[PDB]
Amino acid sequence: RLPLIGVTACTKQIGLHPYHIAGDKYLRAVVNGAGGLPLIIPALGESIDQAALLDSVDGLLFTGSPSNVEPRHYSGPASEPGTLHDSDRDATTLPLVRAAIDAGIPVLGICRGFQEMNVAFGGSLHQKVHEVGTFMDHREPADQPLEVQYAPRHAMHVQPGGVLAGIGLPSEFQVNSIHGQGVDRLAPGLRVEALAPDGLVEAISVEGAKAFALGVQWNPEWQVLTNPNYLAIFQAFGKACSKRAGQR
């Protein structure tokens, strides 16, 4: 049976109405890269039974987003006014990350979802990576089209002995970079999977997780079938989801 893979929604006001939204490129990556059947998880927080939710899925994709985790979740400084937040999503995903990993449900986090994984286990974020002084500007260039904004823009150094090494990624490869926030303090119990050239942690796995649990700061859903390094990540996630699906 094909794995049912949950995909986290964002919230968005569209005209007069509130919506729950999920990007097509994530959904198509789940179908084409992971071999799964995607269903979108609305950002309803613990308004609903997350244990019943987890029972019905074979894996979870925590997507990227223009929005940012609220800093209160890591006791960080208040955000600059106008920073984009999605408290409904935060209320959904931070407990969901912890619960899924405890249940042995495969997890892949992309960009915001990677940041969610670090915060959910007690880590913190830099809200303006480009201003810390130690890091490059990891944001996508404004005033450029999508194909430029999502193209590879910096190197990625795989740390040996973990998930990315096990999947067979090269020791250094290029990744896109569409993020203003990033890991500050690494949560306890997380393994560093990869570093950008300025030392920014851009991939993590969860030590002692019973099942696949990987987050990456870049956006590997982008034209996934045509980037072998991105496709390998989705294929590895899909195989984990299929293993869970096959134990039903």
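We number the residues from 1 along the sequence you see.
Between the stretches 169-177 and 145-153, it is 145-153 that shows the larger average CA temperature factor. The stretch with the higher mean CA B factor, choosing between 77-85 and 106-114, is 77-85. Among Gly162, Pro95, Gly123, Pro71, the highest C-alpha B-factor recorded in the PDB entry belongs to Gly162.
As recorded in the PDB entry, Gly36 shows the highest C-alpha B-factor of the residues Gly182, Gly215, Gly64, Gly36. For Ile21, the recorded CA B-factor ranks within the lowest third of the chain. Only modelled residues enter the ranking.
Annotation for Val7: CA B-factor lies in the lowest third of the chain's modelled residues. Residue-level temperature factors show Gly59 in the middle third of its chain, judged at the C-alpha atom. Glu202: CA B factor in the lowest third of modelled residues in this chain (values from the PDB entry). For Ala52, the recorded CA B-factor ranks within the highest third of the chain. Only modelled residues enter the ranking.
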